[PDB]
Amino acid sequence: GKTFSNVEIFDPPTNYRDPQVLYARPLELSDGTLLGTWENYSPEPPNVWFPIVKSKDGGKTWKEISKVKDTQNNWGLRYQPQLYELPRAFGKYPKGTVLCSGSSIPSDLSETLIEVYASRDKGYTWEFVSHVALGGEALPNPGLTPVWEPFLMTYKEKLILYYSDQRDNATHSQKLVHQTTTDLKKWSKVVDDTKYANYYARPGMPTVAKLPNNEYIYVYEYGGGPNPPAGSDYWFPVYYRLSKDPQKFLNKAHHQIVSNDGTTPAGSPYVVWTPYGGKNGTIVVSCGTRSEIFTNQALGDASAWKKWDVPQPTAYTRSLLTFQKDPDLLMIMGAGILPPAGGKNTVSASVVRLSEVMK
Ligand SMILES: OC[C@@H]1O[C@@H](OC[C@@H]2O/C(=N\O)[C@H](O)[C@H]2O)[C@H](O)[C@H]1O
Ligand SMILES: [Mn+2]
Ligand SMILES: [Mn+2]
Ligand SMILES: [Mn+2]
Ligand SMILES: [Mn+2]
């Protein structure tokens, strides 16, 4: 069998700094190997790194094979890792190269620097490729200028790196932006993806998936979005946009995700698409404040979102992975909650079948 529930990947030493672990991310290679990583809050020195775990049995067991380390800044690789496998070459990086992007940040949190590292041997060793984006102080407060949360995706002959940007700090508390490259070394000028006229709005945490009608779905948390629930004054509802050209989300209409029973997912979302479920496949979305998954089999029709229970617990930016050889299988991976986490975060995962979950 392929399914399992709550398999522990990593339990941190008890002396790791709160939250100890956070922000889990998985990747499936073209040979079926799985890699995984997370924010690893070790006592420094040495500078923090991103651990790389590998599974050859579809996620049932895991072993650390390497670390991605900051070789450039003497700061560490600290926040928001993202793994990606090149589906075609980009200059001297061929198809099957594994990228790890993430944010290099000094211990004192005074700067943020989105980097790209590459592995030419399926995750055993890593090399620095390029600096992408430099920002200011690594706290999510209006007026500071950090960059955060890289997400990588190919579109035709470009590689696009989507992220959150606080550097337009006189006009947007935070906005969503991207840059593109064709060689992994030179990055285009910043292009806006989503921004809101309310200064205090904080769209954040972009993820993107490709749909079978040649459209892309772009999902984010809309901080400051309308209709915050009773008692609260600011919330992070999950919104999305649809576009044929994934460099042009900025001019598209936005849509809140609300399931047919009225549930409104909020926080740190993650989207994938799988061919499972019909000609439109299934869009699957997780959010960071509840344990269910949200599905859509109508190409993002705003009235067609459903919600289903799964065994994987709620986690900040809980992530998802679809398996190429079996589109019915979905991995759900998390590394716990935002601090204070009380020493209790671990990295874990579950693999479910959508045909079983969606009954
Ligand atoms: O990854 C670690 C966390 O990141 C920092 O939050 C950054 C904000 O996260 C978002 N979603 O809630 C926004 O896009 C960013 O502004 C936080 O300090 C830390 O725990
Ligand atoms: Mn243990
Ligand atoms: Mn523990
Ligand atoms: Mn439920
Ligand atoms: Mn079964």
Side-chain angles (χ1 to χ4, degrees), residues 23-31 33-40 46-54 64-106 111-136 138 146-165 167 176-185 187-191 193 206-208 246-247 319:
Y23 209 110
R25 290 287 185 269
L27 174 64
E28 183 186 50
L29 304 186
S30 64
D31 64 13
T33 283
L34 297 172
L35 304 177
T37 193
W38 59 88
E39 297 174 353
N40 197 66
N47 297 326
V48 291
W49 64 90
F50 296 152
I52 300 289
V53 292
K54 172 173 166 161
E64 186 186 300
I65 60 167
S66 69
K67 310 178 167 163
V68 198
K69 299 179 183 186
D70 166 19
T71 63
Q72 304 298 297
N73 316 312
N74 211 4
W75 288 348
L77 296 187
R78 197 171 301 276
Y79 288 167
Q80 300 136 15
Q82 180 65 44
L83 295 163
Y84 182 68
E85 177 189 58
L86 297 190
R88 61 186 304 282
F90 286 100
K92 70 187 188 192
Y93 302 92
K95 185 178 172 175
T97 300
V98 183
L99 303 185
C100 185
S101 182
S103 184
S104 183
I105 300 170
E111 303 188 71
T112 45
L113 180 46
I114 291 172
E115 312 287 44
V116 173
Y117 282 71
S119 177
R120 297 169 174 281
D121 53 18
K122 302 155 188 261
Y124 285 93
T125 66
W126 300 89
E127 71 162 85
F128 170 70
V129 179
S130 59
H131 298 306
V132 189
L134 180 68
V147 300
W148 329 88
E149 298 142 0
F151 185 94
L152 288 168
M153 185 193 74
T154 291
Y155 172 66
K156 293 174 173 179
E157 88 298 346
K158 291 168 172 175
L159 179 66
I160 305 171
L161 194 155
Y162 297 92
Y163 63 94
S164 313
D165 192 347
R167 299 171 299 192
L176 294 170
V177 304
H178 75 259
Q179 294 173 249
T180 67
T181 187
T182 52
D183 67 350
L184 300 196
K185 295 285 190 196
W187 291 90
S188 77
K189 67 172 170 199
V190 181
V191 174
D193 298 323
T207 67
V208 191
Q247 305 169 99
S319 57

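Below, all heavy atoms of this structure are taken into account, side chains as well, without hydrogens, waters or symmetry copies. Numbering of residues begins at 1 and proceeds along the displayed sequence.
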| Distance-minimising heavy-atom pair for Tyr23 and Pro81 | CE2-O, 3.3 Å

| task | Answer yes or no: is there a donor N or O on one side and an acceptor on the other, between the side chain of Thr37 and the main chain of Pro51, under 3.5 Å? | result | yes

| task | Side-chain contact test, heavy atoms from C-beta onward, threshold under 4.5 Å: evaluate it for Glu28 versus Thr33 and give yes or no. | result | no

| Which pairs count as salt bridge (charged side-chain N to carboxylate O under 4.0 Å, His left out) when at least one residue sits in residues 117-136, sequence neighbours excluded? | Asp31-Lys122, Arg120-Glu127

| query | Looking only at atom types and distance, does a side-chain atom of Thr97 sit under 3.5 Å from a main-chain N or O of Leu86, one as donor and one as acceptor? | reply | no

| Can you list the residues that meet the salt bridge (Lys or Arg N to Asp or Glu O under 4.0 Å) rule with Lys69, with sequence neighbours excluded? | none

| message | Could you work out, with salt bridge (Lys or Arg N to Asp or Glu O under 4.0 Å) as the rule, every residue matching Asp165, not counting sequence neighbours? | response | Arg167

| field | By side-chain hydrogen bond (donor to acceptor under 3.5 Å, both in side chains) - contacts of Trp126 (at least two apart) | value | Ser66

| note | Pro146 and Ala138 have their tightest heavy-atom pair at CB-CA, 4.2 Å

| query | Do the side chain of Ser188 and the main chain of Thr180 share a donor and acceptor less than 3.5 angstrom apart? | reply | yes

| Spacing of OG belonging to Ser30 relative to NZ belonging to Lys95, to within rounding of 0.5 Å | 7.0 Å

| Once you round to the nearest 0.5 Å, how far does CG of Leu184 lie from NZ of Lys92? | 9.5 Å

| task | Please list, chain by chain and in numerical order, all residues satisfying ring-ring contact (aromatic ring centres under 6.0 Å, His included) with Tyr162, sequence neighbours excluded. | result | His178, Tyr218

| request: Please round to the nearest 0.5 Å and tell me the distance separating atom CG of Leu99 and atom CG of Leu159. | output: 6.5 Å

| said: Please find the pair of heavy atoms, one from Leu176 and one from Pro206, that lie closest to each other, and give the distance. | reply: CD2-CD, 3.7 Å

| At what distance, to the nearest 0.5 angstrom, does NZ of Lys156 lie from CD of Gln247? | 8.5 Å

| Approximate separation, where rounding is to 0.5 Å, of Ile114 CD1 and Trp187 CH2 | 9.5 Å

| query | For the atom pair CG (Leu161) and CG (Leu152), what is the distance rounded to the nearest 0.5 Å? | reply | 4.5 Å

| Within a strict 4.5 Å, meaning less than it, do heavy atoms of the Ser101 and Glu115 side chains meet? | no

| request: Identify, with sequence neighbours excluded, every residue that meets side-chain hydrogen bond (donor to acceptor under 3.5 Å, both in side chains) alongside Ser104. | output: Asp70, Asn73

| task | May I have all residue pairs that pass side chain to side chain donor-acceptor pair (under 3.5 Å) and include part of residues 80-90, sequence neighbours excluded? | result | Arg25-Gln82, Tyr84-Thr154

| task | Under the side chain to side chain contact (heavy atoms under 4.5 Å, CB included) rule, what do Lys158 and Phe90 come out as? Steps first, then yes or no, please. | result | CA-CA 8 Å; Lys158 291 168 172 175; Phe90 286 100; 5.5 Å; no

| field | side chain to side chain contact (heavy atoms under 4.5 Å, CB included) assessment of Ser164 paired with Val147 | value | CA-CA 6 Å; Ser164 313; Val147 300; over 6 Å; no

| message | Test your reading of the model: is there a side-chain donor-acceptor pair from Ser119 to the backbone of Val98, 3.5 Å cut-off? | response | no

| request: Sequence neighbours left out, what passes salt bridge (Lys or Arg N to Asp or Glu O under 4.0 Å) with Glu64? Give chain and number order. | output: none

| message | Any non-hydrogen side-chain atom of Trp75 less than 4.5 Å from a side-chain atom of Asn47? | response | no

| task | For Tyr117 and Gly102, indicate whether the former's side chain and the latter's backbone hold a donor-acceptor pair under 3.5 Å. | result | no

| request: Show the numbers, then the answer: is there a side chain to side chain contact (heavy atoms under 4.5 Å, CB included) between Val208 and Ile160? | output: CA-CA 11 Å; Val208 191; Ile160 305 171; over 6 Å; no

| said: Tell me every residue that passes ring-ring contact (aromatic ring centres under 6.0 Å, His included) with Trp38, counting only those two or more places apart in sequence or in another chain. | reply: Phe10

| task | Would you indicate whether the side-chain heavy atoms of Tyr79 and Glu149 approach each other to under 4.5 Å? | result | no

| message | Evaluate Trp148 against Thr112 for side chain to side chain donor-acceptor pair (under 3.5 Å), listing each step before the verdict. | response | CA-CA 8 Å; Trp148 329 88; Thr112 45; over 6 Å; no

| request: Start with the C-alpha distance between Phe50 and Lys67, add both sets of side-chain angles, then the distance that settles side chain to side chain contact (heavy atoms under 4.5 Å, CB included), and finish with yes or no. | output: CA-CA 6 Å; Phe50 296 152; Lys67 310 178 167 163; over 6 Å; no

| message | Show the nearest heavy-atom pair for residues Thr182 and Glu157, with the distance to one decimal. | response | CG2-O, 3.8 Å

